[PDB]
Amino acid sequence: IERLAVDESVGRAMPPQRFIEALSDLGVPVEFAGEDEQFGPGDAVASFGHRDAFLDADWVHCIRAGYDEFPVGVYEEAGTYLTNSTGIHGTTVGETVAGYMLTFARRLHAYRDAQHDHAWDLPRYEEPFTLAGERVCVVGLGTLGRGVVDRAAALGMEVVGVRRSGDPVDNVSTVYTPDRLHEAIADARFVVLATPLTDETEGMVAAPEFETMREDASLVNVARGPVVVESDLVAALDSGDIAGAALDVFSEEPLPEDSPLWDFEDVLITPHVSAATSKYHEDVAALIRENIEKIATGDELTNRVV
């Protein structure tokens, strides 16, 4: 690799100059790249989204964990390496999800609504509870899922989860394979989605899962919107099949103003910012540095998609 181009699209997550400056001692020059740039041998590119121009480069680094919007087959045939940013979002997302769960347990969102009205409104006696002793089911036990798990466990929660192998995971009391999803979620106060969007995960959580879930339970989606059937979620909320939801991701983003999801008291909408951090530039830069080292020494790239 002779050059790192920083595609302007990284601006969707972080100021590009902040990222460029973070990489000033990388060992190769780092340059801002506009949307109408050509690439060639020796070029690495960091980007938010895909461009066909990137196929001429040696290596593209996607600055997101999710790569479901990249044409993986087309990279494979063009001989371009593709990496993602999995592994850097566990603290941010884990903290946000702890925040969602504590908001629901302690009723912080309801108090915030009352604050706007200058209203000293006491909760119903049965409403406030502690996370300590409550059960969370974490679906997907990778970086995001483990970040959630570790914080839930530290807060005294009973933690169960779902992963491909069904094999044990640190801080998870019971791990289920994906075919036992209904057993995994049935007794949970919170169900947290942390899987990639795949053929297999699309529409995973729909009306039947909402039926299975406790009426006092809340869904947390920090994965991708289409893991949930969004219309079924609306119907479940309306019907009281579940109590509420904390949603960072949606089938359409920005979430249209006409979505019924905005108006539910016990829904939290966040605008795809559960992983937001003022140091994102540093966190992504560390990945770039790691792979530049691996390229230099001829080892296998970290987070290689194709």
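In this text, rigid core is short for the largest set of C-alphas that superpose within 1.5 Å between two forms. Counting begins at 1, following the sequence as shown.
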query	finding
RMS Cα shift after core superposition in 5 other deposited structures of this protein, winner of 165 to 173 and 76 to 84	76 to 84
Of 269 to 277 and 55 to 63, which departs more from this form in 5 other deposited structures of this protein by CA RMS after core fitting	55 to 63
Comparing 238 to 246 with 44 to 52, the one whose average Cα B-factor in the PDB entry is higher	44 to 52
Given 145 to 153 and 74 to 82, the range whose Cα B-factors average higher in the PDB entry	74 to 82
From 263, 258, 31, 253, residue of greatest CA B-factor	31
Selection by C-alpha B-factor (highest) of 127, 134, 199, 230	199
Third of the chain, ranked by Cα B-factor, where residue 112 sits	lowest
Relative C-alpha B-factor of residue 96, binned into the chain's lowest, middle or highest third	lowest
Residue 224 CA temperature factor, ranked by third within the chain	lowest
Third of the chain's Cα B-factor distribution that residue 164 belongs to, per the entry	highest
Residue 208 - which third its CA temperature factor falls in, relative to the rest of the chain	lowest
